[PDB]
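A.B. asks: Dropping a structure here in structure tokens format, bear with me for questions.
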Amino acid sequence: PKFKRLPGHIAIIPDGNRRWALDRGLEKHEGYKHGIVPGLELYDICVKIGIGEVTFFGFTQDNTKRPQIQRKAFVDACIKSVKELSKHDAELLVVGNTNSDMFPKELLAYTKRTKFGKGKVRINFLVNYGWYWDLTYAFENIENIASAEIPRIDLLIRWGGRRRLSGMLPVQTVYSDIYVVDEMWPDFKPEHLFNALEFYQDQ
Amino acid sequence: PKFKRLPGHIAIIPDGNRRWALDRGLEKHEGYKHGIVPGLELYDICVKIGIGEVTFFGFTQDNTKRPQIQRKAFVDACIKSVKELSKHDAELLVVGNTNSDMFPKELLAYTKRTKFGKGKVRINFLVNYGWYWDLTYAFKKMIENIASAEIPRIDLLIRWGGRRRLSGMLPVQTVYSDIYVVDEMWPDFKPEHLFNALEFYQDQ
């Protein structure tokens with residue numbers, strides 16, 4: 001799959017895990033564990049076609065107020081995802097509010113950017129993230145927002161059909177092209193990514 | 001057209017003016033004036049359906065780096081838009097960087113929210129707006145003191161001309177806005193574009 005122009009940095013909102021699960025007659029929370037392989041496959045594809053940088057929207061400060069069994073499933077999915085990717089030649093950064101009981105302690109090793117393997121691509125995760133916490137971070141210590149190490153996003157791709165930004169990195173998405181996949185994130189398909197890329201290269 | 005629900009606050013990016021002009025065989029800068037009447041049409045529909053507040057994306061600091069001839073034209077069209085809306089039942093606020101040779105003097109008067117006729121709808125226009133200028137204005141709860149502070153949260157952003165982007169529109173107020181893209185260029189505005197956006201917003 002050959003492309004006139006590619007984005008330097010792709011933002012991913014991996015939504016639709018709960019609907020995917022109910023839709024299969026599973027419990028809401030059971031969908032998140034099916035989100036991990038989609039993420040590794042997107043990572044593989046990005047390495048092969050040469051996407052420099054990928055940011056995943058993990059979970060916000062508000063998402064922690066969801067039922068416990070959901071929160072634990074989606075937290076556990078983000079941890080598995082970072083551990084797995086660290087096994088596979090990723091430069092990893094986790095941005096989120098570490099000053100919170102809801103920051104998962106297993107990811108404190110990744111709050112400063114860490115080369116793993118040949119460091120093929122920069123992968124960022126928003127984990128216990130909040131746009132308001134991100135922006136106000138600067139008064140307390142705009143080059144200085146929480147998410148300052150995450151650069152401008154060229155293309156944001158959202159699964160699960162909703163057409164909102166959900167407070168993902170307000171500063172870095174000011175001029176980003178947005179593509180919405182209707183399918184749920186666990187139903188990820190290479191062509192979803194390629195269709196976003198076809199769309200991007202035309203802009 | 002019966003609605004169970006409406007957005008409180010609609011945001012309009014009236015894009016496509018140049019491509020529409022080129023497509024008619026005009027110069028690029030001649031599209032913007034074909035953008036004025038559509039705006040006054042959108043407002044009349046908002047007033048008649050009960051939309052409370054509409055914010056128009058006029059132009060940004062970035063947009064002024066374009067050639068003299070385009071800048072003059074989209075500034076004139078914005079000035080004419082605001083003057084025309086002043087004749088309606090609208091509470092008008094212009095927001096943007098007034099410490100600039102690029103802010104038109106004729107819109108300074110509108111930088112305080114001003115009720116005309118019966119003030120049936122709040123219209124905000126962004127004129128010499130920049131997202132960086134907006135966030136840094138707070139110079140801690142300083143997000144409540146950004147330049148666009150008088151412009152509340154956006155429920156629905158509707159962009160004409162097929163592009164799915166914010167072009168730096170109100171990063172704070174758009175954090176969770178629903179987004180509807182209309183492929184047709186802004187001067188090809190039809191009531192069906194607004195109705196389709198609101199049906200999408202409600203059926204959500």
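Lettering and numbering for the structure tokens are positional, with chains as A, B, ... in the shown order, residues counted from 1 in each chain, and ligands counted from 1 in the shown order.
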If you run DSSP on the backbone here, which positions in stretch 32-164 of chain B get strand (DSSP E or B)? Please write them as a PDB file with N, CA, C and O atoms, in the first residue's frame.
C.D. replies:
ATOM      1  N   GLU B  53     -26.863  30.416  20.872  1.00  0.00           N
ATOM      2  CA  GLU B  53     -25.514  31.026  20.721  1.00  0.00           C
ATOM      3  C   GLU B  53     -24.827  30.373  19.519  1.00  0.00           C
ATOM      4  O   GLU B  53     -24.842  29.131  19.409  1.00  0.00           O
ATOM      5  N   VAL B  54     -24.210  31.192  18.678  1.00  0.00           N
ATOM      6  CA  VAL B  54     -23.457  30.737  17.486  1.00  0.00           C
ATOM      7  C   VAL B  54     -22.118  31.459  17.480  1.00  0.00           C
ATOM      8  O   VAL B  54     -22.105  32.700  17.573  1.00  0.00           O
ATOM      9  N   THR B  55     -21.028  30.739  17.299  1.00  0.00           N
ATOM     10  CA  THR B  55     -19.718  31.395  17.134  1.00  0.00           C
ATOM     11  C   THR B  55     -19.211  31.190  15.713  1.00  0.00           C
ATOM     12  O   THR B  55     -19.084  30.041  15.316  1.00  0.00           O
ATOM     13  N   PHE B  56     -18.903  32.269  15.004  1.00  0.00           N
ATOM     14  CA  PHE B  56     -18.324  32.215  13.639  1.00  0.00           C
ATOM     15  C   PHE B  56     -16.807  32.362  13.726  1.00  0.00           C
ATOM     16  O   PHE B  56     -16.351  33.305  14.406  1.00  0.00           O
ATOM     17  N   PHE B  57     -16.092  31.471  13.042  1.00  0.00           N
ATOM     18  CA  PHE B  57     -14.652  31.582  12.705  1.00  0.00           C
ATOM     19  C   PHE B  57     -14.493  32.563  11.528  1.00  0.00           C
ATOM     20  O   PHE B  57     -14.896  32.241  10.385  1.00  0.00           O
ATOM     21  N   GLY B  58     -13.971  33.749  11.818  1.00  0.00           N
ATOM     22  CA  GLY B  58     -13.805  34.844  10.847  1.00  0.00           C
ATOM     23  C   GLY B  58     -12.452  34.746  10.187  1.00  0.00           C
ATOM     24  O   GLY B  58     -12.393  34.334   9.049  1.00  0.00           O
ATOM     25  N   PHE B  59     -11.383  35.071  10.907  1.00  0.00           N
ATOM     26  CA  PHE B  59      -9.992  34.773  10.489  1.00  0.00           C
ATOM     27  C   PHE B  59      -9.052  34.819  11.689  1.00  0.00           C
ATOM     28  O   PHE B  59      -9.411  35.352  12.736  1.00  0.00           O
ATOM     29  N   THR B  60      -7.858  34.279  11.496  1.00  0.00           N
ATOM     30  CA  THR B  60      -6.801  34.131  12.514  1.00  0.00           C
ATOM     31  C   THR B  60      -5.607  35.030  12.184  1.00  0.00           C
ATOM     32  O   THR B  60      -5.552  35.574  11.064  1.00  0.00           O
ATOM     33  N   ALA B  90     -29.642  40.320  17.609  1.00  0.00           N
ATOM     34  CA  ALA B  90     -28.419  39.539  17.914  1.00  0.00           C
ATOM     35  C   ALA B  90     -27.617  40.239  19.012  1.00  0.00           C
ATOM     36  O   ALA B  90     -27.544  41.471  18.948  1.00  0.00           O
ATOM     37  N   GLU B  91     -27.106  39.500  20.005  1.00  0.00           N
ATOM     38  CA  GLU B  91     -26.086  40.015  20.958  1.00  0.00           C
ATOM     39  C   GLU B  91     -24.711  39.612  20.405  1.00  0.00           C
ATOM     40  O   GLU B  91     -24.396  38.419  20.458  1.00  0.00           O
ATOM     41  N   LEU B  92     -23.962  40.591  19.891  1.00  0.00           N
ATOM     42  CA  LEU B  92     -22.721  40.423  19.114  1.00  0.00           C
ATOM     43  C   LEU B  92     -21.509  40.592  20.029  1.00  0.00           C
ATOM     44  O   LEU B  92     -21.416  41.620  20.749  1.00  0.00           O
ATOM     45  N   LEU B  93     -20.571  39.659  19.937  1.00  0.00           N
ATOM     46  CA  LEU B  93     -19.217  39.809  20.519  1.00  0.00           C
ATOM     47  C   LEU B  93     -18.172  39.428  19.459  1.00  0.00           C
ATOM     48  O   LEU B  93     -18.240  38.272  18.920  1.00  0.00           O
ATOM     49  N   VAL B  94     -17.264  40.356  19.148  1.00  0.00           N
ATOM     50  CA  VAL B  94     -16.051  40.055  18.333  1.00  0.00           C
ATOM     51  C   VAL B  94     -14.902  39.708  19.300  1.00  0.00           C
ATOM     52  O   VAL B  94     -14.681  40.452  20.263  1.00  0.00           O
ATOM     53  N   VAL B  95     -14.224  38.583  19.102  1.00  0.00           N
ATOM     54  CA  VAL B  95     -13.049  38.218  19.944  1.00  0.00           C
ATOM     55  C   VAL B  95     -11.847  38.058  19.011  1.00  0.00           C
ATOM     56  O   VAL B  95     -11.973  37.413  17.977  1.00  0.00           O
ATOM     57  N   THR B 114     -22.751  43.348  22.856  1.00  0.00           N
ATOM     58  CA  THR B 114     -23.667  44.449  22.522  1.00  0.00           C
ATOM     59  C   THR B 114     -24.955  43.806  22.005  1.00  0.00           C
ATOM     60  O   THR B 114     -24.884  43.044  21.032  1.00  0.00           O
ATOM     61  N   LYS B 115     -26.067  44.081  22.676  1.00  0.00           N
ATOM     62  CA  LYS B 115     -27.447  43.620  22.357  1.00  0.00           C
ATOM     63  C   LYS B 115     -28.037  44.546  21.279  1.00  0.00           C
ATOM     64  O   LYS B 115     -28.130  45.753  21.545  1.00  0.00           O
ATOM     65  N   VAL B 121     -30.348  36.010  20.012  1.00  0.00           N
ATOM     66  CA  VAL B 121     -29.293  34.979  19.908  1.00  0.00           C
ATOM     67  C   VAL B 121     -27.948  35.665  20.122  1.00  0.00           C
ATOM     68  O   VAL B 121     -27.820  36.809  19.656  1.00  0.00           O
ATOM     69  N   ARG B 122     -27.036  35.004  20.855  1.00  0.00           N
ATOM     70  CA  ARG B 122     -25.621  35.428  21.015  1.00  0.00           C
ATOM     71  C   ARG B 122     -24.847  34.962  19.785  1.00  0.00           C
ATOM     72  O   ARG B 122     -24.872  33.776  19.499  1.00  0.00           O
ATOM     73  N   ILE B 123     -24.231  35.884  19.073  1.00  0.00           N
ATOM     74  CA  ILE B 123     -23.274  35.607  17.971  1.00  0.00           C
ATOM     75  C   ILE B 123     -21.909  36.041  18.468  1.00  0.00           C
ATOM     76  O   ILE B 123     -21.795  37.188  18.896  1.00  0.00           O
ATOM     77  N   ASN B 124     -20.930  35.156  18.417  1.00  0.00           N
ATOM     78  CA  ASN B 124     -19.496  35.524  18.573  1.00  0.00           C
ATOM     79  C   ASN B 124     -18.853  35.425  17.191  1.00  0.00           C
ATOM     80  O   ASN B 124     -19.233  34.536  16.458  1.00  0.00           O
ATOM     81  N   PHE B 125     -17.949  36.334  16.845  1.00  0.00           N
ATOM     82  CA  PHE B 125     -17.137  36.262  15.608  1.00  0.00           C
ATOM     83  C   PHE B 125     -15.681  36.272  16.082  1.00  0.00           C
ATOM     84  O   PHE B 125     -15.341  37.011  17.033  1.00  0.00           O
ATOM     85  N   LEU B 126     -14.853  35.408  15.502  1.00  0.00           N
ATOM     86  CA  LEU B 126     -13.396  35.399  15.788  1.00  0.00           C
ATOM     87  C   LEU B 126     -12.719  36.169  14.659  1.00  0.00           C
ATOM     88  O   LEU B 126     -12.867  35.801  13.464  1.00  0.00           O
ATOM     89  N   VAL B 127     -12.075  37.267  15.040  1.00  0.00           N
ATOM     90  CA  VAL B 127     -11.485  38.272  14.120  1.00  0.00           C
ATOM     91  C   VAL B 127     -10.064  38.545  14.613  1.00  0.00           C
ATOM     92  O   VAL B 127      -9.927  39.061  15.730  1.00  0.00           O
ATOM     93  N   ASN B 128      -9.064  38.132  13.830  1.00  0.00           N
ATOM     94  CA  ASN B 128      -7.629  38.214  14.192  1.00  0.00           C
ATOM     95  C   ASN B 128      -7.434  37.379  15.456  1.00  0.00           C
ATOM     96  O   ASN B 128      -6.730  37.833  16.402  1.00  0.00           O
ATOM     97  N   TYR B 129      -8.034  36.191  15.454  1.00  0.00           N
ATOM     98  CA  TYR B 129      -7.965  35.219  16.574  1.00  0.00           C
ATOM     99  C   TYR B 129      -6.708  34.363  16.384  1.00  0.00           C
ATOM    100  O   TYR B 129      -6.310  34.110  15.237  1.00  0.00           O
ATOM    101  N   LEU B 156     -21.668  21.770  19.311  1.00  0.00           N
ATOM    102  CA  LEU B 156     -21.634  21.324  17.896  1.00  0.00           C
ATOM    103  C   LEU B 156     -20.800  22.321  17.076  1.00  0.00           C
ATOM    104  O   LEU B 156     -21.121  23.546  17.058  1.00  0.00           O
ATOM    105  N   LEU B 157     -19.770  21.808  16.416  1.00  0.00           N
ATOM    106  CA  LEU B 157     -18.967  22.537  15.411  1.00  0.00           C
ATOM    107  C   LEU B 157     -19.309  21.958  14.029  1.00  0.00           C
ATOM    108  O   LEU B 157     -19.266  20.732  13.838  1.00  0.00           O
ATOM    109  N   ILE B 158     -19.686  22.846  13.128  1.00  0.00           N
ATOM    110  CA  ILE B 158     -20.093  22.552  11.744  1.00  0.00           C
ATOM    111  C   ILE B 158     -19.082  23.264  10.843  1.00  0.00           C
ATOM    112  O   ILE B 158     -18.944  24.484  10.935  1.00  0.00           O
ATOM    113  N   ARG B 159     -18.380  22.505  10.026  1.00  0.00           N
ATOM    114  CA  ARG B 159     -17.375  23.046   9.092  1.00  0.00           C
ATOM    115  C   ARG B 159     -17.857  22.733   7.668  1.00  0.00           C
ATOM    116  O   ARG B 159     -18.259  21.546   7.400  1.00  0.00           O
ATOM    117  N   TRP B 160     -17.845  23.777   6.829  1.00  0.00           N
ATOM    118  CA  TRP B 160     -18.108  23.717   5.370  1.00  0.00           C
ATOM    119  C   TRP B 160     -16.782  23.539   4.605  1.00  0.00           C
ATOM    120  O   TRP B 160     -15.716  23.865   5.149  1.00  0.00           O
TER     121      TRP B 160
END
A.B. asks: Could you list, as a list in words, every residue of chain A that has an atom within 8 Å of an atom of chain B, counting only C-alpha atoms?
C.D. replies: residues 131, 136, 139, 140, 142, 162, 163, 164, 165, 166, 167, 168, 170, 171, 174, 175, 176, 177, 178, 179 and 203 of chain A
A.B. asks: For residue B:21, work out the shell of residues within 9 Å, counting only C-alpha atoms and skipping chain neighbours fewer than 4 positions away, then give it as a ChimeraX atom specification.
C.D. replies: /B:16-17,25-32,34
A.B. asks: Between atom CA of residue A:49 and atom CA of residue A:186, measure the distance and give it in Å to one decimal.
C.D. replies: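 So the two atoms, atom CA of residue A:49 and atom CA of residue A:186, lie 22.0 Å apart.
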A.B. asks: Env of residue B:3: 8 Å cut, atoms = only C-alpha atoms, seq-sep filter 2 positions within chain, self excluded. Answer as number ranges by chain.
C.D. replies: B: 1, 5-6, 199, 202
A.B. asks: Determine the nearest neighbour of residue A:161 from the options A:199, A:116, A:43, A:185, counting only C-alpha atoms.
C.D. replies: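 Ranked by minimum distance to residue A:161, first place goes to A:185.
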